[PDB]
There are 2 protein chains.
Amino acid sequence: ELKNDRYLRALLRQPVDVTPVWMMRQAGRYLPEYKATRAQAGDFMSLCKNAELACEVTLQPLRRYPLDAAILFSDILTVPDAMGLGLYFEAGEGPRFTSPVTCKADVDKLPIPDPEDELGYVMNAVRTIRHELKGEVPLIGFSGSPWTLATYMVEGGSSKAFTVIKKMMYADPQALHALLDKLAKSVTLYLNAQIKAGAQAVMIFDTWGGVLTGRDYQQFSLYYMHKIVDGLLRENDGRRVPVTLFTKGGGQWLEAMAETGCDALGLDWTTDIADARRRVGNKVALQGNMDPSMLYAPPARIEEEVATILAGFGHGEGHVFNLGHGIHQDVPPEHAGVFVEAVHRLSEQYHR
Amino acid sequence: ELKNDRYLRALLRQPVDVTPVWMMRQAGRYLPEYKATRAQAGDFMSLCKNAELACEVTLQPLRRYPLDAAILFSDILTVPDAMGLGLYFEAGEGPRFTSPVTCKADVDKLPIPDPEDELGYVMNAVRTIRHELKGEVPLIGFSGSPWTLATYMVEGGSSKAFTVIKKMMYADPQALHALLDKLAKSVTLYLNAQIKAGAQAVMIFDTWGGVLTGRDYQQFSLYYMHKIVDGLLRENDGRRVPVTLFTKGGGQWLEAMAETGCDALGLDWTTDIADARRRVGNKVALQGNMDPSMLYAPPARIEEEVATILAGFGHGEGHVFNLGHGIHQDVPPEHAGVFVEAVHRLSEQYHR
């Protein structure tokens, strides 16, 4: 039985006593105990496949900072990895693919993985984490969006210019669509399995959508995330399960996204909170906005950025505080704790 | 004596018969003859220091596509290289620095290079190119903005998260300012020397400004580019010399930039041309907007993107067509030629 409501209420723009908080990549190297467990797993790849350890790292943050929500520890490339492509995580270079989807054949041959079957290990963690959280807080299930995933699947990893997907997009659009569509069906099944296995909320990372035109962003990215939402079950375990979409950088596309069906939209320090709320506030809840590097600042300074960001939004009800990007390994542990306390202490005035 | 006016007129929002065109990084590997001359120089570093060869590559594009303007071949890291920091161009990794500016000492010890003296080689190319262009087209002089330069000088090269400058920014702002200010003085001297040595126009690349807050973007980036403009000589050789500022991604900051003093603002496919013009059009001229990857498309398709982009703007007078980012080596030569002809042929209707 769940005790903390905040997160779930805020995403639904429902009154809360204080604003909720959670940090992207709260299960990361900035935590000494995290770096340890990761060494028990061997490589990141296996860490993400081990249910006991995957959970443990998801729990480490909650034992330091009373965060209103936890996000299963997994990888965005979970689905593409289960599509027979040769994916490895070089602790130096980066996520790489030996057989990147090139043309149409590559796409038609691409298979839809059974979440419970081939991706049944991320489902295991969900089950574990839920039983572990012992009702203390809601569990967030996640996945990349059809497009940013197709990026790595075509680029073969992380590209600095995405020179390939676009050569495809602008010269073989039917192919990119064949692909993106399959990826839509896939992740929809993928996300529902999480929801069924315990996920009480869910979020889609379209981390690269902002590298596109407003035309192409909508053609090849929004449409597909939208489909997921039209096909996700908004309810389970007697509760409405929330959905948050997040295109880093796409602060201007903010208007179209709201038409998505989705309950919440994520933001990054590139978009003004007030601005965003003034443009979609009464339509969708908003998630975080701070700059992760700000966590390097002295406690006092950080606190005033929580206060700054809390204003610009403030007055209402639909807000979940958060960073615009995951935490960087070098950030000090008690510095995040300062941040997590600033949002609670200083946001309570905007709910009275 | 100059014959082509287009570029210079358009930036000044003055009537032209057709819209002008020029591509960022038109002196690049996509040109077979470019890859050759680069091999004559040895490494990129020396290619940028050799006046004869630097010019030659700047001229290669004009012998294939009748572009309304040419940009001296040089590097943004010209100034930081002349500041005693240890900079090398690894054809694999990237621009690296052995002694990155770390704290205040690093900044106070940092020297202002005499353009004609220590950077007198980029001035040589200017003189050469101008005499080479034999009046056919105006020469653009360029440099990075104080901030994006301070990026490489602090990060030591290209960072994917700029994790360091920001740790500085948010924890040692006086230091980052000490730095940025010096960099402002520097580049101002740097750019004037180009203007004096033949540059008929000039442009500042703040390629990383968009990775910042709107608050910080203005504090640590705009202010400093602005200073340059307040200190650049808008006239020389009987002509008003134009100034173009360009923050890739900062399409939303578009309003503040116009208050800069600058004549033209650059854009990337992330910002809608029509939108931009509707927001600053009657205040500043705009430069390009297309996606470089679009050049992979079939001629017919490219042409319609020139036509699309020409609309959204169209009707007026203050526009210079361009890409939102340099050309990628793999783009076919006659494909750019198609693009360069589409802007001339199809833009002439918007000036009648």
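As drawn, each chain counts its residues from 1 in written sequence order, possibly unlike the entry's numbers, and residues without coordinates are not displayed. Chain A is the first chain written and ligand 1 is the first ligand written, with later ones labelled in order. To get the side-chain values, all heavy atoms of the structure are used, and hydrogens and water are removed first.

Looking at the method and resolution fields of the entry, one finds X-ray crystallography and 2.80 Å.

1. Points about the relation of the copies chain B and chain A
Alignment of copies: least-squares superposition, C-alpha atoms only. Once chain B has been moved 0.0 Å along the axis and rotated by 180 degrees, it coincides with chain A to within an RMSD of 0.0 Å. Read as a symmetry element, the transformation amounts to a two-fold axis. Using C-alpha coordinates, one finds that chain B approaches the rotation axis most closely at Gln 252 of chain B, a distance of 3.8 Å. In what follows, residue pairs with any heavy atoms lying within 4.5 Å of each other are defined as contacts. Most of the interface of chain B is mirrored in chain A, where 100% of its interface residues again form contacts.

2. Things to note about the interface of chain B and chain A
Taken together, the contact between chain B and chain A spans 23 residues of the former and 23 residues of the latter. Throughout, buried area stands for the accessible area (probe radius 1.4 Å) lost by two parts on being put together, summed over both. Both faces considered, chain B and chain A share a buried interface measuring about 2100 Å² in area, 52% of it formed by carbon and sulfur atoms. Think of a salt bridge as a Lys or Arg side-chain nitrogen and an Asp or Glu carboxyl oxygen that are within 4 Å of each other. Inspection of the region where chain B meets chain A yields four salt bridges. Residue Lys 166 of chain B pairs with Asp 291 of chain A through a salt bridge whose shortest N-O separation is 3.0 Å. In the analysis that follows, any N or O atom pair within 3.5 Å is treated as a polar contact, provided that within protein one partner can donate a hydrogen and the other can accept it, and provided that, for residues neighboring in sequence, both atoms belong to side chains. One can count eight residue pairs in polar contact joining chain B with chain A. At the level of secondary structure, the elements contributing two or more residues to the side of chain B that touches chain A comprise α9 (163-169), α11 (214-231) and α14 (299-310) of chain B. Considering each element in turn, the side of chain B that touches chain A owes the most residues, three residues, to α9 of chain B. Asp, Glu, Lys and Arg are counted as charged, while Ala, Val, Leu, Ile, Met, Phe, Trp, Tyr, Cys and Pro are counted as nonpolar; the rest, among them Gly, fall into the polar class. Its residues placed into classes, the side of chain B that touches chain A shows nine nonpolar, eight polar and six charged. Numbering of helices and strands runs from the N terminus; a helix is a DSSP stretch of H or I covering at least four residues, while a strand is a stretch of E covering at least two.

3. Some points on the environment of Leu 180 of chain A
All names here are of chain A. Among the structural elements, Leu 180 can be located in helix α10 (residues 173-196). Partly exposed residues are those whose accessible area sits between 20% and 50% of the maximum for their type, while under 20% is buried and over 50% is exposed, using a 1.4 Å probe and protein chains only. A residue is classified by how much of its surface remains accessible, and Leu 180, at 0% relative accessible area, is buried. Along the backbone, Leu 180 and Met 225 are 45 residues apart, and their C-alpha atoms lie at a distance of 9.9 Å.

4. What about the pattern of salt bridges?
Under the definition given, this model contains 42 salt bridges over all chains. In this structure, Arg 279 of chain B and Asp 275 of chain B form a salt bridge, with 3.2 Å as the shortest nitrogen-oxygen distance. Separated by four residues within a single helix, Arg 279 of chain B and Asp 275 of chain B lie in helix α13 (residues 273-280), roughly one turn from each other. Through salt bridges with shared partners, one network takes in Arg 215 and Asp 216 of chain A together with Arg 301, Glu 304 and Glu 305 of chain B.

5. Focus on the packing of aromatic side chains
Side-chain rings of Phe, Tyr and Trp (the six-membered ring for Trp) are treated as a pair once their centres are within 6.5 Å; stacked means planes under 30 degrees apart, edge-to-face means over 60, and tilted covers the remaining angles. Under the counting rule described, the total for this entry stands at 22 aromatic pairs over all chains. Measuring from ring centre to ring centre gives 5.0 Å for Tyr 223 of chain A and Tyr 224 of chain A, while their planes differ by 90 degrees; the resulting arrangement is edge-to-face. What makes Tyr 223 of chain A partly exposed here is its relative accessible area of 45%. The interplanar angle of 55 degrees and the centroid separation of 5.2 Å between the aromatic rings of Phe 162 of chain B and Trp 208 of chain B together place this pair among those described as tilted. Placement of the pair is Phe 162 of chain B in the loop between α8 (146-155) and α9 and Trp 208 of chain B in the loop between β5 (201-205) and α11, with a sequence separation of 46 residues. The exposure class assigned to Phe 162 of chain B is buried, which follows from its relative accessible area of 3%. When its relative accessible area of 23% is taken as the criterion, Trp 208 of chain B is described as partly exposed. Taken together, the ring pairs in this structure connect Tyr 34, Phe 44, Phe 73 and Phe 89 of chain A into an aromatic cluster. Charge-over-ring placement is defined geometrically: NZ (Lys) or CZ (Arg) within 6 Å of the ring centre, and within 35 degrees of the ring normal. Over the face of the ring belonging to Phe 313 of chain A we find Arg 277 of chain A, whose NZ or CZ atom lies 4.4 Å from the ring centre.

6. Some words on the sheet that holds strand β9 (residues 264-266) of chain A
All names here are of chain A. Spatial strand order, β1-β4-β5-β8-β9-β10-β11: seven strands in an open sheet with parallel pairing. This sheet does not close on itself; its edge strands, each paired only once, are β1 (70-71) and β11 (319-320). As paired strands, strand β8 (residues 243-246) and β9 are joined by two bridges and run parallel to one another. Its bridge partner being in β9, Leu 245 is matched across the sheet by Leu 265. Strand pairing is assigned whenever DSSP identifies at least 2 bridges connecting the two strands.

7. Side note on the packing of helix α8 (residues 146-155) of chain A against α10 of chain A
Residues and elements named next belong to chain A. Between the N-to-C directions of two axes lies an angle of 0 to 180 degrees, each axis being a line fitted to C-alpha atoms and, for a helix, fitted only over the stretch in contact. Closest axis-to-axis distance for the α8/α10 pair is 9 Å, and the angle between their directions is 120 degrees. Classified by the interaxial angle, the pair formed by α8 and α10 is oblique. Helix-helix and strand crossings are classified by hand; for α8 and α10 the assignment is right-handed. The segment α8 lies against α10, with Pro 146, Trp 147, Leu 149, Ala 150, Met 153 and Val 154 engaging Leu 179, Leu 180, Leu 183, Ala 184 and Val 187. Split by residue class, the contact of α8 with α10 holds eleven nonpolar, no polar and no charged. Angles below 35 degrees are treated as roughly parallel, those above 145 as roughly antiparallel, those between 65 and 115 as roughly perpendicular, and all remaining angles as oblique. Helix crossings are classified by the rotation of the near helix relative to the far one: an anticlockwise turn of less than a right angle makes the crossing left-handed, while a clockwise turn makes it right-handed.

8. A word on unusual backbone geometry
Phi is positive for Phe 162 of chain A, close to 55 degrees, though the residue is something other than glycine. Backbone geometry at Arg 13 of chain B places phi at a positive 55 degrees, although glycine is not the residue there. By secondary structure assignment, the location of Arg 13 of chain B is in the loop between α1 (6-11) and α2 (32-41).

9. Re the packing of helix α7 (residues 120-132) of chain B against helix α10 (residues 173-196) of chain B
Residue and element names in this part refer to chain B. Orientation of α7 relative to α10, taken along the N-to-C sense of each, is 25 degrees, at an axis distance of 9 Å. Accordingly, the angle class assigned to the pair α7 and α10 is roughly parallel. Regarding α7 and α10, the two cross each other, and that crossing is right-handed. Across the interface between the two elements, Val 122, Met 123 and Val 126 of α7 pack against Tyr 190, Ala 193 and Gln 194 of α10. Residues belonging to the contact of α7 with α10 are distributed by class as follows: five nonpolar, one polar and no charged.

10. Structural notes on the pairing of strand β4 (residues 139-144) of chain A
Residues and elements named next belong to chain A. Along β4, six of the six residues are buried, which leaves the element largely enclosed by surrounding structure. Burial along β4 is two-sided: the face carrying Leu 139, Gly 141 and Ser 143 and the face carrying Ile 140, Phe 142 and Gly 144 are both buried. Sheet analysis places β1 next to β4, joined by two bridges and oriented parallel. In the strand pairing of β4, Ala 70 is matched with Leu 139. Across five bridges, β4 lies against strand β5 (residues 201-205) in parallel orientation. Paired with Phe 142 across the bridge in β5 is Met 203.

11. Some details on the side chain of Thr 188 of chain B
Residue and element names in this part refer to chain B. Within the secondary structure layout, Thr 188 lies in helix α10. According to the relative accessible area criterion, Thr 188 is buried, its value standing at 14%. Not counting residues up to four positions away in its chain, the partners in contact with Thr 188 are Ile 228, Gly 231 and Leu 232.

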